[PDB]
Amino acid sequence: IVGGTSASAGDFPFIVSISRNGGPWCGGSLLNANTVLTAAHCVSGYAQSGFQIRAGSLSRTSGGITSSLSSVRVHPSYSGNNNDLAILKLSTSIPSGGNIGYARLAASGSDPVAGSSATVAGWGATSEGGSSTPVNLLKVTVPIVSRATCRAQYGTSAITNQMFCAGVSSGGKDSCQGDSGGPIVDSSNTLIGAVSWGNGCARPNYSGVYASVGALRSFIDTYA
């Protein structure tokens, strides 16, 4: 997260950190005791044994409850940047309570409205290009950017109806490498997306692009 602030205990109770080969990799959202939602690009094409999830901690290295993966399912139309969600099943179930909870999902057919406030969180780099990643969770609030404006930035075909955008036109606030797969919520604290892609991080005139839960909700419900 670029331009963020420290998360407090009990913020994002459903967030998980996802390590790969023992090192930082991405974020995700705990949907229920044995299921995590993340970005497809975080898991597609990699050995599932490399991954570990941690829930219930501000730290990505220590604390909370961990699990390995039992299975990985990517959206059946996932390709590159499009339809960038995956369902992970956990080898060890994680109960709610304390600083762990489960996400509430945006409805099928919903689409975040331009200009509304969203909050994104993760353990990714704090500088575009940074050499170390924070141990403790960061968060930042950014407005939704209309799909039309985002298409003017990236190209018409590049932004699909299963993506939405968020950021500030002058830059300075965004998700960044290592935040992929982690949550973006709306002003009701409903999970409306996962960190997906963008041109750099926090650049002027290049919004962050998020996989839309509302658009992909049928897939989520099938497998959650």
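Here, rigid core means the biggest group of C-alpha atoms that superpose within 1.5 Å across both forms. One rule holds for the numbers: they count along the sequence shown, beginning at 1.
Core-fitted comparison in 8 other deposited structures of this protein shows that, between 73-81 and 136-144, the CA atoms farther from the shown form belong to 73-81. Comparing 123-131 with 93-101 by root mean square Cα distance to the shown form in 8 other deposited structures of this protein, with the rigid core used for the fit, gives 123-131 as the more displaced stretch. Once the C-alpha B-factors are averaged per stretch, 165-173 and 38-46 rank with 165-173 first.
Out of 90, 113, 105, 120, it is 113 whose C-alpha atom has the highest B-factor in the PDB entry. When the C-alpha B factors of 85, 100, 142, 135 are read from the deposited coordinates, the top value falls at 142.
Residue 70: CA B factor lies in the highest third for its chain, per the PDB record. In the deposited entry, the Cα temperature factor of residue 201 places it in the highest third of its chain's modelled residues. Per-chain ranking of the deposited C-alpha B factor places residue 9 in the highest third.
For residue 178, the recorded CA temperature factor ranks within the middle third of the chain's modelled residues. In the deposited entry, the Cα temperature factor of residue 157 sits in the top third of values across the chain's modelled residues.
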